[PDB]
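Colleague: Curious how this folds, go ahead:
(3 chains, ligands or ions: 4)
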Amino acid sequence: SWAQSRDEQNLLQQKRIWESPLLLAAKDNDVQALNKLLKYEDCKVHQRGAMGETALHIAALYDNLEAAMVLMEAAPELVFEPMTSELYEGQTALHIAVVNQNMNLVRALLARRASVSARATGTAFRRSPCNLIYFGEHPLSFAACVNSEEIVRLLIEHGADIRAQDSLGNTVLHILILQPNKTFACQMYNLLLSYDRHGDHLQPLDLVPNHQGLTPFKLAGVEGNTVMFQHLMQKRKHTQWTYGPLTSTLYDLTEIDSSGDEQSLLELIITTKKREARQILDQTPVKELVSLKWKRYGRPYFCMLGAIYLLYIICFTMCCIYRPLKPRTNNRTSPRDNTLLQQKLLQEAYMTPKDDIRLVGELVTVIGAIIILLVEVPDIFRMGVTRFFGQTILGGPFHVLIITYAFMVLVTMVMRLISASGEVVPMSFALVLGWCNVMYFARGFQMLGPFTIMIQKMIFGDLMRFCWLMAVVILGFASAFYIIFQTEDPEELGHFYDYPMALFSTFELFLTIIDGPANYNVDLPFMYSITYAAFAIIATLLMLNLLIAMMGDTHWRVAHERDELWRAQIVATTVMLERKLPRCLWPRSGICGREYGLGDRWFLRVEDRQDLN
Amino acid sequence: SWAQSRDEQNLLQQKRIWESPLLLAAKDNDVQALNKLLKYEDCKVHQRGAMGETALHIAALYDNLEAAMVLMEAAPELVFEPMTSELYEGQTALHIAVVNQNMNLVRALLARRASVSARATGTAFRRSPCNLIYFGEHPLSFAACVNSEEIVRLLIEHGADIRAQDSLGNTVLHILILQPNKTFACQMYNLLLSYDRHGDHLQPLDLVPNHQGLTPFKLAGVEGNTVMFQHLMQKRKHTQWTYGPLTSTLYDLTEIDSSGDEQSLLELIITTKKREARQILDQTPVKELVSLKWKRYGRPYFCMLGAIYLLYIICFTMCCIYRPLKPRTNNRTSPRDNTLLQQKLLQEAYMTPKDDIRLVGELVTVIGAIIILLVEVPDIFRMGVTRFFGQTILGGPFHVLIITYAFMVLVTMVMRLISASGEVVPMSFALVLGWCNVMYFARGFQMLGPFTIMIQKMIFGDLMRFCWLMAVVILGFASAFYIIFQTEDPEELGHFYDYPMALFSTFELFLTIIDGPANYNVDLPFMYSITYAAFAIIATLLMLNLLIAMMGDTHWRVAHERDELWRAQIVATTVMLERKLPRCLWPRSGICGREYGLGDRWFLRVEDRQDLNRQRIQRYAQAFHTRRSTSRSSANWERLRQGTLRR
Amino acid sequence: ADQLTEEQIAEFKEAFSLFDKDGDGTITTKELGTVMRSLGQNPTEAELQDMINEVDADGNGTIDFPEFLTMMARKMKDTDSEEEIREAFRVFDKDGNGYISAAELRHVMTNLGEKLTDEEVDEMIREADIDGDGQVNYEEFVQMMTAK
Ligand SMILES: [Ca+2]
Ligand SMILES: [Ca+2]
Ligand SMILES: [Ca+2]
Ligand SMILES: [Ca+2]
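Modeller: Numbers count the residues shown, from 1 in each chain, chains lettered A, B, ... in the order given. Ligands and ions are numbered 1, 2, ... in the order given. Sharing the structure here:
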């Protein structure tokens, strides 16, 4: 019901034109009608429209020059007047002549000393999926987007500064990155730097952060404006000597390393949600860097780190398979042979030399559990809650498993202090999830780990929507078998002796695991065989084989979109490992400066073999 | 047999030409022969052809100008003579010269006061898959389809009205939509509307229905002539202001809503059989509409509807698993332990406070089942039987499951009142079909259910044709096993003690389910090992794995023509939900009019952002102006080239 | 416009629709004026009637599509006249709109096979498209046919 009111405003506009005698004449080039109406009678021209119009706004918006010039004689003050409220706030008619790319009207408007710094703060101008455009606020910025050069050149020469900011703090430079037409907006970025002839004490216009603190270089990284990102690097690279087909260039490396607090490119690349921004890692001053940070100094710690964790889970299992057990206590098998269990868990007996060893190993799990949680205390206290799940699916979607591994060990640590009975169930989940967590290290050892990328990509999506179609075909047929074997003696055919297990029975048939029931000695009821034949032709001949082909086709739509996932994930492994590990080891990468008298910036060189035979 | 009698009459024509001295001299322009034969002798020129020709018809049909001009002097009246019978009835020679796209004989024929109002009511002119054309009836309509402008224009200047109708009631406009050359016939549609200068007070020619009540606007929607549908949309949109690169028009939205009784577009789209008619839902005023009908007001009533169905089935299963049961009555297991069963179903035992709860829910399932039939009383009584199948396959192919669910509930309501024995056999069918019928809601709840289209699409066709070649290989081999273990004692290997179970036994070996018969303690006969390995090598190594690959290839021939079936099925779900649901909720879509001084028509506006396309607009302006994987992709163009080129 | 081909109508009709800003079917001085001076320059509003009355066949002050079409008949397309690319376009174009699309070219290649990926089809169209609408003209298609 929200945007419904927007249209209802907009139809209400046109009706005012169809009922005002002035404005309908202003909609057309009605020279004679506006001649006799204005100069003769005594009626005001301050008739605001449905969204706060003037006569001059409509004639501008319906691109009509000659009727607007006649209005200038009657209007000394309609030029300064803005539009009123709630969608188009503050927008004077100087804007509309700009958006229509000329009318030879800004000539006449600046002849009438039009203000060049009115700020269009209306609702239909904020950056949002609701509006179809984002042009900023100031009228100098508007001509930048429609790419009209001499209209821009005209606007500087009447004193419009190039350093205004919107509510978002974004400059007129920042608007050009967000535009959809890329190469046709490239020259404006050249031309606007050309009119920065005042070398300012503050910064030369290219270093202004917004309200979220972003230079227009880095903002190109987030939105993935690749062709523009190729162009902005061109100023920074400082070429050295050329030798035939060789060229040893030198890239700048200041605003893309992990040194500062701003995180500067790399954490901002992986924390995007946009898909196209991962394309930036193919570009040549960046692609070279992560190969250096991984093949040196990143790989061997990560392989050494996984080896320590691999001994952790082993030392957990060796203090898992030895538990304090005893014979069954005084209670005999009081249910008639449906109750077979025999040991029940010693109470407070450690008095052996052997359990002295186990108490050491049992503590090794406990201290290791606490270290994990102390890592994840500050993390959820800083990265919100939903923000953490924005981090999650890309390169850390385990990150509750390592938490819940630490959770269950603290559960079973309490469970033996109070020394209660049902202690096997926390021991179960911690044992499986401990081994499942070591698949996190599959990124290394070579590129024989995009399986764990793909097996994430497929356990969500494909298998997830397939289970609901399982979950009801399994539900009727299992409910049907329980009725048809209600009559029978379950001494033969113990599949279906009560309604809970007949579900779990049917789930075993549905994946063709349990053997399929038969007796061959008792006449089983006839409605079984008609029903069960109808089960198999659905279960293991239609539904399950459909799952393979649906698995098959979805595997090669994502072949090319597999290898970019891996090389994306290595960076997220890298930068997190840099961030949580202190220095005095694996130094700030690239060659230092200012010992060579070059500057406090640090650099790296890259050679290449050229072309043009 | 019918096509030969058409063909035999055609060869019967030519013999009449090869025997007549006149018409053979009329097939050629043998003016020396034509002059002497006519003026000298005393023979009429009323020599009828085998399909009832005249000699004047032949010169037009073999496009021969100078012969028929001589015929005008001898024959003042044969222009007025139509053709005779059963294929070309009433076809005058004015038609035939028009079909040859000119002869400049229309000059001469209209100089002989030829009627433009003759009607070709013949057999081979009616719309049919037997014929290869459809030109309509009137000579104005014949000039319409060959696209000859000055030939059209000449005919208006002789009193030819444009409002003729065929036996279908189609105007000349409706003929143009059905012509297969689409954009080359788009131009004629503007040309004829210019000759509607007399605005008649009935309707200005663009509103006239046919005998099945169809505007020419709607008719393109039925046949999927999108380009013509694109063009007729242009006269209905009404643009407002433009703002730089932005544009805000205002679409008409009158004949595309479910307001009137005419049903007006959308029921007529989904009720067709043609595949290419589903394409219209991509076009711009329609795709935007049904999204607004779905995301607002369409989805949330649909999901809230299905959850009531979910509590219905759950309430059925609770009054399914609790049945009145006694222990087995006085008859002991009289067959020798081949008869194990133990309860036999309490007769009239309700006298418990517990079963009154069961009495509650068992009624509710009966109450709801009546309501299902009450919805489906008028549907079967109006929409034929095969007509119901036309509704079925596209968007509603369940629709009998929910009928048969209503049977079996009423069977078990009967079956406990008489209280006969066999009450389990409806309770099976009334249970599995109930849970399967919730898969109707897989369209909704997200786009995570287009499977239910593909699992429809594949359970017919692929699995269906695979079932027979199962059903014979199994039918021999099951019959084979019964012969070889006929001799044996079934106390060991009790698979095959009798024939009808041996088929069911063999059916589990075919799908790799049962264990595979072996004993390892008692020697089984020496024909078993030869037969069984030969069975295994076909059934679970050749035949069954052939199914997966045959299922493999058919997944991605229909990767594209699956996703639009899903988006089509929402629209069909939407309208059916609208029709059987009253108003005073989810109002008639779009924005109402005539408060704004526009009229009773209702509208919606659409904003869109164009592009500039600077390199194309230079060359049109100068026409005004006065005095990567590139090598991979180009190899596919080469693969497009080499496969097409001549070969 | 003595003889033309379907494509030549269809593409010029797309031109006429793009050029007609208000969709009234006509072209006036106000309409031709703005879009011409949208492209950088500016005619001095006297060339505009001199543009129209040069070509307005009936002098009604408007340019309808037939007058627009016979103007482009004098600004006639070049001597690219063939027969097989004509036939190749009919087999490709299902609906016959004159613009072979993305999913259509996916469809025809699918019946030949070779399993084109969705990105691989986008690499085909974007290089073949000269003016940049993501759709291939008849004129654009022959330039991929003849030579590279
Ligand atoms: Ca126009
Ligand atoms: Ca004209
Ligand atoms: Ca097409
Ligand atoms: Ca193109």
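Colleague: And residue 98, its phi and psi?
Modeller: In the absence of a named chain, chain A is used. phi -70, psi -40 (degrees, to the nearest 10).
Colleague: Provide a list of residues in contact with it.
Modeller: Residue A:98 makes contact with A:106, A:139, A:142-143, A:146, A:148, A:151 under the criterion Cβ atoms under 8 Å, 6 or more residues apart in numbering or on different chains. Any C-beta I mention is one placed from the backbone N, CA and C, and that applies to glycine too.
Colleague: In TSV, list the residues you listed along with neighbour count.
Modeller: As requested, the contacts of residue A:98 are arranged in TSV below (neighbours: other Cβ atoms under 10 Å in any protein chain shown):
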residue	neighbour count
A:106	20
A:139	28
A:142	25
A:143	26
A:146	21
A:148	20
A:151	18
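Colleague: nearest to ligand 3, of those residues?
Modeller: residue A:146 (31.5 Å; Cβ to the ion).
Colleague: Okay, that closest one and ligand 1: tell me how far apart.
Modeller: Distance of residue A:146 to ligand 1, computed by Cβ to the ion, to the nearest Å: 21 Å.
Colleague: surely that residue meets residue A:95?
Modeller: No. Look at residue A:146 against residue A:95 with Cβ atoms under 8 Å: they stay out of range, at 11.5 Å.
Colleague: quick one: which of the contacts of residue A:98 is nearest residue A:331?
Modeller: residue A:142 (86.5 Å; Cβ to Cβ).
Colleague: which SSE is that closest one in?
Modeller: According to DSSP states H and E, residue A:142 maps onto helix A:139-146.
Colleague: Need the contact partners of that helix.
Modeller: Here helix A:139-146 makes contact (Cβ under 8 Å, 6+ apart) with A:94-95, A:98-99, A:101, A:116, A:118, A:120, A:135-136, A:151-152, A:155-156, A:160, A:162, A:164, A:172, A:175-176, A:179, A:185, A:188, A:192, B:244-245.
Colleague: now do 7 Å
Modeller: The contact list for helix A:139-146 (Cβ atoms under 7 Å, 6 or more residues apart in numbering or on different chains) reads A:94-95, A:98-99, A:101, A:116, A:135, A:151-152, A:155, A:160, A:162, A:172, A:175-176, A:179, A:188, B:244.
Colleague: Now residue A:55: closest residue in space, sequence neighbours ignored.
Modeller: In space, and not counting its chain neighbours, residue A:55 is closest to residue A:26: 4.7 Å by Cβ to Cβ, 6 or more residues apart in numbering or on different chains.
Colleague: Report the buried residues of the helix or strand containing that neighbour.
Modeller: Using DSSP H and E, the element containing residue A:26 is helix A:21-27. Applying a neighbour-count criterion of 16 or more other Cβ atoms under 10 Å in any protein chain shown, the buried positions in helix A:21-27 are A:22-23, A:25-27.
Colleague: buried ones in the top helix by length along chain A?
Modeller: Secondary structure of chain A per DSSP state H: the longest helix is helix A:353-380. Neighbour-count burial for helix A:353-380 flags A:358, A:362, A:365, A:368-369 (criterion: 16+ other Cβ under 10 Å).
Colleague: Residue numbers of chain C in contact with ligand 1?
Modeller: Contacts of chain C with ligand 1, taken as Cβ under 5 Å from the ion, map to C:20, C:27, C:31.
Colleague: Can you pick out the ones from those residues that are in helices?
Modeller: Among the residues of chain C next to ligand 1, the residues falling in helices (DSSP H) are residue C:31.
Colleague: List the contacts of the helix holding residue A:26.
Modeller: Helix A:21-27 has contacts (Cβ under 7 Å, 6+ apart) with A:16-18, A:33-34, A:37, A:47, A:55, A:58-59, A:62, A:67.
Colleague: Show me what the helix or strand following that helix packs onto, helices and strands only.
Modeller: For helix A:21-27, the succeeding helix or strand toward the C-terminus, using DSSP H and E, is helix A:31-38. Packed against helix A:31-38, as judged by 3 or more Cβ pairs under 7 Å, 6 or more residues apart in numbering or on different chains; DSSP states H and E, are the following elements: helix A:21-27, helix A:65-74.
Colleague: residues in contact with the longest one?
Modeller: The contact list for helix A:65-74 (Cβ under 7 Å, 6+ apart) reads A:26, A:29-31, A:34, A:38, A:45, A:55-56, A:59-60, A:103-105, A:108, A:112.
Colleague: Okay, buried residues for it please.
Modeller: A:65, A:67-68, A:70-72.
Colleague: how many other residues sit next to the residue in the stretch 101-250 of chain A that ligand 1 sits nearest to?
Modeller: Closest to ligand 1 within the stretch 101-250 of chain A is residue A:101: 17.6 Å, counting by Cβ to the ion. The number of residues packed around residue A:101, counting by other Cβ atoms under 10 Å in any protein chain shown, is 21.
Colleague: Repeat that for residue A:176.
Modeller: By other Cβ under 10 Å, 23 other residues sit near residue A:176.
Colleague: That one reaches residue A:189, doesn't it?
Modeller: Yes. Shown here, residue A:176 and residue A:189 form a contact pair, counting by Cβ atoms under 7 Å, at 5.7 Å.
Colleague: Check the offset of the helix holding residue A:142 from the chain's centre.
Modeller: How far helix A:139-146 lies from its chain's middle: 30 Å, per Cα atoms, centre = their mean, to the nearest Å.
Colleague: before we move on, what about stretch A:366-381?
Modeller: Distance, centroid of stretch A:366-381 to centroid of chain: 26 Å (Cα atoms, centre = their mean).
Colleague: Return the residues of chain C in contact with ligand 2.
Modeller: C:58, C:60, C:62, C:67.
Colleague: from those residues, which is closest to ligand 3?
Modeller: Set against ligand 3, the nearest of these by Cβ to the ion is residue C:67 (27.8 Å).
Colleague: in the stretch 151-300 of chain A, which spans are strands?
Modeller: All strands of the stretch 151-300 of chain A, identified by DSSP state E, counting those that start in this stretch, fall at A:242-243, A:246-251.
Colleague: Could you dump the ones you listed into CSV and include mean neighbour count and distance to ligand 2?
Modeller: Listed next are the strands of the stretch 151-300 of chain A as CSV, based on neighbours: other Cβ atoms under 10 Å in any protein chain shown; distance: least, Cβ to the ion, whole Å:
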stretch, mean neighbour count, distance to ligand 2
strand A:242-243, 10, 63
strand A:246-251, 15, 62
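Colleague: Spell out the secondary structure type for the residue of the stretch 51-200 of chain A found nearest chain C.
Modeller: At 5.4 Å from chain C, residue A:101 is the closest residue in the stretch 51-200 of chain A, using Cβ to the nearest Cβ. Here residue A:101 is coil, with the state taken from DSSP: H, G, I helix; E, B strand; the rest coil.
Colleague: which bits of chain C sit near ligand 4?
Modeller: C:129, C:131, C:133, C:137.
Colleague: Restrict those to the buried ones and give me that as a ChimeraX selection.
Modeller: A single ChimeraX command suffices to select whichever of the residues of chain C next to ligand 4 are buried according to 16+ other Cβ under 10 Å:
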select /C:137
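Colleague: Closest to the centroid, which residue in chain C?
Modeller: In chain C, the residue lying closest to the centroid (Cα atoms, centre = their mean) is residue C:11, at 2.6 Å.
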